[PDB]
């Protein structure tokens, strides 16, 4: 119910500023929560500007008019998280959370290490074939993974998932799974994933000839 920018990007050492928009929000107490991937939210700032014990002085807050602001000075990789502002609304007796802001920490571009895995014989025996393409520790997030079977582009038969920014080196990893029936898998010989990324001077292909 409170307005936050979906994303804020900042280089290490720079200052990140996350805004929390709400009509006359300055007349309310604003609290801020940090939620790292896969973890519970952690209180970082309460009552506009007060900090719980254990939270670094790099975190500061302000609130006036129609904008509250969480300021993170000297941003580092450990600051990668979603940040939620919060307010108690006396007029409605509800706690209201902001829509959340993901802080991404910039770093130097890093090309993915590409690996490829054929399906196991045990899975093959069950009548399906899954082949996996792994892109390890790359930056930035934007990457293109194309499956090729006997040089032919595949569509609709693959899914991928990407990890959030690593808390130490600010990189991502990606896993793409190509799935066919064992019958369709046996019709063809060459299985390849072709990855495109900023850290790659040109696209790179990993393959196996079955």
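Numbering follows the first chain given and starts at 1.
Student: On average, which has the higher Cα B-factor in the deposited entry, 72-80 or 117-125?
Tutor: It is 117-125 that shows the higher mean C-alpha B-factor.
Student: Quick check on the record: does 12-20 or 183-191 carry the larger mean Cα temperature factor?
Tutor: Looking at the record's C-alpha B-factors, the answer is 183-191.
Student: Checking the entry, which one of 27, 173, 157, 176 has the top C-alpha B factor?
Tutor: 27 has the highest C-alpha B-factor of those listed.
Student: Which third of the chain does residue 168 land in by C-alpha B-factor: lowest, middle or highest?
Tutor: CA B-factor rank for residue 168: lowest third.
Student: Would the CA B-factor of residue 42 place it in the lowest, middle or highest third of its chain?
Tutor: Its C-alpha B-factor, which the entry lists for residue 42, ranks in the lowest third among residues of this chain.
Student: Compared with the other modelled residues in the chain, in which third is the CA B-factor of residue 36?
Tutor: Within its chain, residue 36 is a lowest-third residue by C-alpha B-factor, going by the deposited values.
Student: Based on the entry's values, in what third of the chain does the Cα temperature factor of residue 130 lie: lowest, middle or highest?
Tutor: Middle third - that is where residue 130 ends up once the chain's C-alpha B-factors are sorted.
Student: Taking the values exactly as deposited, rank residue 92 by C-alpha B-factor within its chain and report the matching third: lowest, middle or highest.
Tutor: It falls in the top third of the chain.
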